[PDB]
$ cat my_file09.cif   # mmCIF, C-alpha atoms
data_entry
loop_
_atom_site.label_atom_id
_atom_site.label_comp_id
_atom_site.auth_asym_id
_atom_site.auth_seq_id
_atom_site.Cartn_x
_atom_site.Cartn_y
_atom_site.Cartn_z
CA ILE J 1 -27.82 -1.65 99.79
CA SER J 2 -26.09 -0.42 96.66
CA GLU J 3 -28.90 1.54 94.91
CA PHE J 4 -28.30 5.19 94.08
CA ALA J 5 -29.86 7.80 96.34
CA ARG J 6 -31.96 9.15 93.45
CA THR J 7 -33.22 5.61 92.76
CA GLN J 8 -34.20 5.28 96.43
CA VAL J 9 -36.10 8.56 96.41
CA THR J 10 -37.93 7.63 93.17
CA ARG J 11 -38.80 4.14 94.43
CA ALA J 12 -40.23 5.68 97.61
CA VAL J 13 -42.29 8.17 95.59
CA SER J 14 -43.57 5.24 93.50
CA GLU J 15 -44.46 3.22 96.62
CA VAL J 16 -46.56 6.04 98.03
CA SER J 17 -48.01 6.87 94.60
CA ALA J 18 -49.13 3.25 94.11
CA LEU J 19 -51.72 3.90 96.87
CA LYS J 20 -53.62 6.58 94.88
CA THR J 21 -55.79 3.82 93.31
CA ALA J 22 -56.97 2.70 96.73
CA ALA J 23 -57.53 6.27 97.91
CA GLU J 24 -59.74 6.84 94.83
CA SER J 25 -61.75 3.73 95.70
CA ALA J 26 -62.27 4.94 99.30
CA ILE J 27 -63.46 8.32 97.95
CA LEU J 28 -65.97 6.64 95.61
CA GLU J 29 -67.19 4.51 98.54
CA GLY J 30 -67.65 7.54 100.86
CA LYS J 31 -65.15 6.15 103.39
CA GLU J 32 -62.39 7.85 105.34
CA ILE J 33 -58.93 6.93 104.00
CA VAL J 34 -56.52 5.37 106.53
CA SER J 35 -53.27 3.43 106.63
CA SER J 36 -53.72 1.12 109.62
CA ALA J 37 -53.65 -2.51 110.70
CA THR J 38 -56.75 -1.73 112.81
CA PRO J 39 -59.18 0.24 110.55
CA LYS J 40 -62.27 1.12 112.53
CA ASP J 41 -65.84 0.65 111.28
CA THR J 42 -66.19 2.43 107.89
CA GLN J 43 -62.52 3.40 107.48
CA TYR J 44 -60.88 2.19 104.29
CA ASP J 45 -57.28 0.98 104.63
CA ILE J 46 -55.20 1.77 101.53
CA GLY J 47 -53.40 -1.60 101.36
CA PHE J 48 -49.81 -0.54 101.95
CA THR J 49 -47.31 -3.29 102.78
CA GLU J 50 -43.91 -2.05 103.96
CA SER J 51 -40.90 -0.33 102.36
CA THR J 52 -37.21 -0.77 103.12
CA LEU J 53 -36.76 2.97 102.42
CA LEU J 54 -39.22 4.55 104.87
CA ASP J 55 -39.10 5.30 108.58
CA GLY J 56 -41.68 3.52 110.72
CA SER J 57 -43.19 0.01 110.68
CA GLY J 58 -45.63 -1.44 108.10
CA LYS J 59 -48.80 0.58 107.52
CA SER J 60 -47.58 3.30 109.87
CA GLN J 61 -44.93 4.26 107.27
CA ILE J 62 -47.71 6.13 105.41
CA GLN J 63 -49.37 9.00 107.27
CA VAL J 64 -52.72 9.92 105.87
CA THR J 65 -54.51 13.27 106.08
CA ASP J 66 -58.13 12.94 104.98
CA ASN J 67 -59.89 16.30 105.35
CA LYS J 68 -63.18 14.75 104.10
CA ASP J 69 -63.39 17.52 101.48
CA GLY J 70 -61.85 15.74 98.49
CA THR J 71 -58.29 16.58 99.50
CA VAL J 72 -55.88 13.89 100.70
CA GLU J 73 -52.24 13.83 101.72
CA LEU J 74 -50.17 10.65 101.78
CA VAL J 75 -46.96 11.43 103.66
CA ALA J 76 -43.83 9.33 104.25
CA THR J 77 -40.31 9.97 105.53
CA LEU J 78 -37.17 8.49 104.04
CA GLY J 79 -35.44 6.20 106.54
CA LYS J 80 -34.37 2.58 107.20
CA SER J 81 -32.11 1.54 104.27
CA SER J 82 -32.15 5.02 102.71
CA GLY J 83 -28.78 6.75 102.33
CA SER J 84 -27.78 9.30 104.96
CA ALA J 85 -27.98 12.13 102.39
CA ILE J 86 -31.76 11.56 101.96
CA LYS J 87 -32.81 10.30 105.39
CA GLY J 88 -35.44 12.50 107.03
CA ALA J 89 -36.73 13.94 103.77
CA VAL J 90 -40.53 13.95 103.54
CA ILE J 91 -42.53 12.84 100.50
CA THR J 92 -46.03 14.32 100.25
CA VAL J 93 -48.39 12.96 97.58
CA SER J 94 -51.47 15.23 97.64
CA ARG J 95 -54.87 15.22 95.96
CA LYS J 96 -56.95 18.31 95.15
CA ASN J 97 -60.73 18.04 95.16
CA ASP J 98 -60.69 18.05 91.31
CA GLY J 99 -58.94 14.64 91.58
CA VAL J 100 -55.53 15.89 90.36
CA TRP J 101 -52.55 14.68 92.37
CA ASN J 102 -49.12 16.20 92.94
CA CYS J 103 -45.92 15.25 94.77
CA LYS J 104 -43.34 17.32 96.65
CA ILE J 105 -40.29 16.67 98.81
CA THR J 106 -39.64 18.78 101.93
CA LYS J 107 -37.51 18.76 105.09
CA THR J 108 -34.41 17.46 103.33
CA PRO J 109 -31.14 16.83 105.24
CA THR J 110 -28.11 19.06 104.81
CA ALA J 111 -26.39 16.58 102.47
CA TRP J 112 -29.32 16.64 99.94
CA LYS J 113 -28.27 17.26 96.32
CA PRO J 114 -30.54 18.64 93.57
CA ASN J 115 -30.28 15.51 91.42
CA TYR J 116 -31.83 13.33 94.12
CA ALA J 117 -35.36 14.69 93.45
CA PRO J 118 -37.20 13.17 90.48
CA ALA J 119 -38.84 15.51 87.97
CA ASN J 120 -42.27 14.24 89.15
CA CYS J 121 -41.67 15.16 92.82
CA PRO J 122 -39.66 18.37 93.15
CA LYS J 123 -38.11 19.76 96.29
CA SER J 124 -40.17 22.56 97.87
#
$ encode --input "my_file09.cif" --output "structure tokens"
Amino acid sequence: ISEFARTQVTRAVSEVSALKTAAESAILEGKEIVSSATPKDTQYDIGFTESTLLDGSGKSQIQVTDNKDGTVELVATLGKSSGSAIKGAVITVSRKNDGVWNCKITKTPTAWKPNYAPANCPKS
């Protein structure tokens, strides 16, 4: 892979962020949000495919926290084809109960550089 590290981080943020639509649909339907190949009963799977930039396999690349209170976290870790200077960093795309979302990056590796974070998902 020849993409820039910052392009990889941004793509990953976009891949997680693309799932907000589905999370909003689950919330309107009164269903628990999941990312699973085996959603149980009333659970609503958010339709994620797979990324070349995230650790884990398929739907398990996105870790969902659904507190059932209008807040949501969609969490992924940079891995696989990601450059060594970003691997292990965690993207968290979070919803407040007013329906406003935000993004942050945490747990970055030593070799992280400021310019790798996009303006829409700052390092915390």
$ resolve_selection --input "my_file09.cif" --expression "the PyMOL selection byres ((chain J and resi 19-35) around 9)" --output "PyMOL selection string"
chain J and resi 14-18+36-39+42-48+59-68+70+72+74+93+95+99+101
$ residues_near_point --input "my_file09.cif" --point "(-35.3, 10.3, 102.3)" --cutoff "9 Å" --atoms "all atoms listed in the file" --output "JSON, numbers by chain"
{"J": [5, 8, 9, 12, 53, 54, 55, 76, 77, 78, 79, 82, 83, 84, 85, 86, 87, 88, 89, 90, 91, 105, 108, 109]}
$ atom_distance --input "my_file09.cif" --atom1 "atom CA of residue J:58" --atom2 "atom CA of residue J:111"
27.0 Å
$ atom_distance --input "my_file09.cif" --atom1 "atom CA of residue J:118" --atom2 "atom CA of residue J:6"
7.2 Å
$ atom_distance --input "my_file09.cif" --atom1 "atom CA of residue J:120" --atom2 "atom CA of residue J:94"
12.6 Å
$ axis_aligned_box --input "my_file09.cif" --around "stretch 52-59 of chain J" --padding-each-side "6 Å" --output "JSON"
{"center_x": -42.8, "center_y": 1.9, "center_z": 106.6, "size_x": 24.0, "size_y": 18.7, "size_z": 20.3}
